[PDB]
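Enquirer: Using only what follows, build the 3D model:
(3 chains)
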Amino acid sequence: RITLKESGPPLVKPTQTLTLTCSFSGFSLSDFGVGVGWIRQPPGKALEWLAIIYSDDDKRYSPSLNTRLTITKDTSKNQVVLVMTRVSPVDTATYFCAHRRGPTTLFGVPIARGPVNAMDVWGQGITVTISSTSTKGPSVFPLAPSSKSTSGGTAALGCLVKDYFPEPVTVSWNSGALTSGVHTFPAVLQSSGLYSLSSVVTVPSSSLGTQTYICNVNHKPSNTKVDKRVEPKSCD
Amino acid sequence: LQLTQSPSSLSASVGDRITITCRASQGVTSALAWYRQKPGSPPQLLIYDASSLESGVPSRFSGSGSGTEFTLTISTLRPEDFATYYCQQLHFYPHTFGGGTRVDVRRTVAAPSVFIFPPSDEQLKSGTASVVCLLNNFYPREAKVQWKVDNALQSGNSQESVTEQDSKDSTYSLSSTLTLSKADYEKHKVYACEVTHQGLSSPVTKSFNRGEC
Amino acid sequence: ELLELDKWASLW
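Expert: Numbers count the residues shown, from 1 in each chain, chains lettered A, B, ... in the order given. See the structure here:
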């Protein structure tokens, strides 16, 4: 019965202002002592508390981000807004809004603290990326199999999918016919501001001579499709 | 204020009983919550006010403590419980979350297979050089990868990526990518990836000499 | 540590 939902831009450029909106149902910010907070999660990392606003317009901010943060509410629209000025790439994260209960009240009297000590319902989250780059399809390079990539009768090989923006990219092997032993790694954001990943597969070394291996790379944001055949290393 | 969760990671099996700890640098009375977060989803509240069981939350979850020491307990682990857990204190501003506790599917130790890939001639022509080191199908998740270029430890110019725990064999894989300019790449001979892992009696080095053919 | 107390920190 309580639901929250974040909205905003998925991409903002450095120095710009990010405005996020929380839209909620099943509670009112007129409810005594109710809070709406914001929490973020950088990719691969932990939760970080950002801010909170209450029914009475009391608000608090993270000390480390507090010059850049403003929190507001419109109790009649069931919305809370968070403004974060001068964004930069560190600010890339999934942003959640969340409800905090007010205390237990008896015929309006607060009789118990308990229930306030959590954030009880969260929104789904909105991913926001902060970058100054523009759409760019990747280059696909081969990761060639060789002695230095052999273990018993197994060899590894792959494709390096480099310098693209934005996410995402998909990769298959041999047009879908090869699925076993395949590891497609999550992309990393390089300091250049462009993403990169690699996709690997382990196969039998015996098969390197005969079987053909091709990675199929799709970056839909740039309309780039590449099939890259991967051959055994020459200087091995 | 610091909230410290331990362990950071733990292995476990369905039916197991597990205990996760959260300590606060100073007393936060009972103002402590625990959440479970599955990959791709928001955190979900398990326990509020240190020990109170959130409505709708299975009875296997419980919490204890007051002041500075708090523990979450799952009496009998279910599949849905392989997930990451966080504590949060709400006694002082700013509210603060712990660093998280990853809980994965235990299996027998397995050393990774290590492969090193020189940069392709194709990439080199473009002006850059990526050296890739691959650690395949290992467990547990903790691994250490070290790059050396002609014995020079490389710090700050590599990046790692790790897969999610495999649904079949319960292993992880990890890539470490060393990036250099072409010019820099061609000034040096020996490229070496050193891997430290529990399943390896001692560190494994995989290397090559560039241009050797 | 000169931390501020939560809104409800002083409620029973």
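Enquirer: hey, let's count contacts and neighbours off CA atoms from now on
Expert: Noted.
Enquirer: how deep is residue A:91 tucked in, by neighbour count?
Expert: When neighbours are counted by other Cα atoms under 10 Å in any protein chain shown, residue A:91 registers 20.
Enquirer: show me what contacts it?
Expert: If you count contacts by Cα atoms under 8 Å, 6 or more residues apart in numbering or on different chains, residue A:91 has them with A:42, A:129, A:130.
Enquirer: nearest to chain B, of the residues you listed?
Expert: residue A:42 (12.4 Å; Cα to the nearest Cα).
Enquirer: need the contact list for the closest one.
Expert: Taking Cα under 8 Å, 6+ apart, we find residue A:42 in contact with A:91, A:92, A:93, A:94.
Enquirer: rerun at 7 Å
Expert: A:92, A:93, A:94 (Cα atoms under 7 Å, 6 or more residues apart in numbering or on different chains).
Enquirer: distance of it from residue B:183?
Expert: Look at residue A:42 and residue B:183: by Cα to Cα, to the nearest Å, they are 34 Å apart.
Enquirer: For chain A, what lies in contact range of chain B?
Expert: Within chain A, the positions near chain B by Cα under 7 Å from any Cα of the partner chain are A:46-49, A:61-62, A:114-115, A:117-118, A:120, A:122-125, A:141-144, A:148-149, A:185-186, A:235-236.
Enquirer: Just the buried residues of these.
Expert: The neighbour count (16 or more other Cα atoms under 10 Å in any protein chain shown) marks A:46-49, A:61-62, A:114-115, A:117-118, A:120, A:122-125, A:141-144, A:148-149, A:185-186 as buried among the residues of chain A next to chain B.
Enquirer: Contacting chain C as well, which ones from the residues you listed?
Expert: Okay, of those, nothing touches chain C (Cα under 7 Å from any Cα).
Enquirer: Strands - which of the residues you listed land there?
Expert: A:48, A:49, A:61, A:122, A:141, A:142, A:143 (DSSP state E).
Enquirer: ok, the residues you listed vs chain C, which is closest?
Expert: Each of those was scored against chain C by Cα to the nearest Cα, and residue A:61 proved nearest at 11.4 Å.
Enquirer: Can you tell me the closest non-neighbouring residue to that closest one?
Expert: residue A:51 (4.4 Å; Cα to Cα, 6 or more residues apart in numbering or on different chains).
Enquirer: Let me know how buried that neighbour is, in neighbour terms.
Expert: So residue A:51, with other Cα under 10 Å, has 25 neighbours.
Enquirer: does it count as helix, strand or coil?
Expert: Following DSSP: H, G, I helix; E, B strand; the rest coil, residue A:51 is assigned to strand.
Enquirer: Need the residues that contact stretch A:44-64.
Expert: A:29-41, A:71, B:94-97, B:99-100.
Enquirer: about what we covered before: any idea how far the residue nearest to residue A:61 is from residue A:75?
Expert: In terms of Cα to Cα, residue A:51 sits 17 Å off from residue A:75.
Enquirer: can you tell me if the host helix or strand of residue A:94 touches chain C.
Expert: Assessed by DSSP states H and E, residue A:94 sits inside strand A:93-100. No. Using Cα under 7 Å from any Cα, strand A:93-100 stays clear of chain C, with a minimum separation of 11.5 Å.
Enquirer: Any buried residues in the helix or strand just after that strand, and which?
Expert: Note on strand A:93-100: by DSSP H and E, the next helix or strand toward the C-terminus is strand A:104-106. The neighbour-count check on strand A:104-106 (16+ other Cα under 10 Å) flags residue A:104 as buried.
Enquirer: Show me the contact partners of strand A:104-106.
Expert: A:110, A:111, A:112, A:113, A:115.
Enquirer: which secondary structure elements does the strand holding residue A:94 contact?
Expert: Strand A:93-100 sits against strand A:3-7, strand A:35-41, strand A:121-122, strand A:126-130, with contacts defined as 3 or more Cα pairs under 7 Å, 6 or more residues apart in numbering or on different chains; DSSP states H and E.
Enquirer: which one of the ones you listed lies closest to residue B:15?
Expert: In terms of Cα to Cα, the element of the helices and strands packed on strand A:93-100 nearest to residue B:15 is strand A:121-122, at 27.8 Å.
Enquirer: Okay, now the sheet partners of that closest one, with direction.
Expert: strand A:93-100 (antiparallel) (DSSP bridges).
Enquirer: Next one: the closest residue to residue C:6 other than its chain neighbours relative to chain A, how far apart?
Expert: Spatial nearest neighbour of residue C:6, chain neighbours left out: residue B:92 (4.9 Å); criterion: Cα to Cα, 6+ apart. According to Cα to the nearest Cα, to the nearest Å, residue B:92 stands 11 Å off from chain A.
Enquirer: what's the neighbour count on residue B:92?
Expert: 19.
Enquirer: roughly how far apart are the residue of chain C found nearest chain B and residue B:89?
Expert: Going by Cα to the nearest Cα, chain B is nearest to residue C:5 of chain C, at 4.4 Å. As for residue C:5, its distance to residue B:89 is 11 Å (criterion: Cα to Cα).
Enquirer: So for these two, which sits in the more crowded spot?
Expert: Neighbour count, other Cα under 10 Å: between residue C:5 and residue B:89, residue B:89 has more, with 31 against 15.
Enquirer: OK, contacts around the more buried one?
Expert: B:28, B:31, B:32, B:33, B:95, B:96, B:97.
Enquirer: Next, format those residues as a markdown table and append secondary structure and distance to residue B:44.
Expert: Putting those into a markdown table (DSSP: H, G, I helix; E, B strand; the rest coil; distance: Cα to Cα, whole Å) gives the following:
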| residue | secondary structure | distance to residue B:44 |
| --- | --- | --- |
| B:28 | coil | 21 |
| B:31 | coil | 17 |
| B:32 | strand | 14 |
| B:33 | strand | 10 |
| B:95 | coil | 17 |
| B:96 | strand | 16 |
| B:97 | strand | 14 |
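Enquirer: can you put the residues you listed in a markdown table and add neighbour count and distance to residue B:136?
Expert: Output for the contacts of residue B:89, formatted as a markdown table (neighbours: other Cα atoms under 10 Å in any protein chain shown; distance: Cα to Cα, whole Å):
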| residue | neighbour count | distance to residue B:136 |
| --- | --- | --- |
| B:28 | 21 | 43 |
| B:31 | 27 | 43 |
| B:32 | 31 | 39 |
| B:33 | 28 | 37 |
| B:95 | 23 | 39 |
| B:96 | 22 | 36 |
| B:97 | 24 | 33 |
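Enquirer: These: which ones sit near chain A?
Expert: When contact is defined as Cα under 7 Å from any Cα, these meet chain A at B:31, B:32, B:33, B:95, B:96, B:97.
Enquirer: Grab the nearest non-local neighbour of residue A:195.
Expert: Nearest non-adjacent residue to residue A:195 (Cα to Cα, 6+ apart): residue A:189, at 4.5 Å.
Enquirer: and the residue located most distally from the centre of chain A, how far is that from chain B?
Expert: Relative to the centre of chain A, the most outlying C-alpha is that of residue A:107, 43.7 Å out, by Cα atoms, centre = their mean. For residue A:107, the distance to chain B equals 22 Å [Cα to the nearest Cα].
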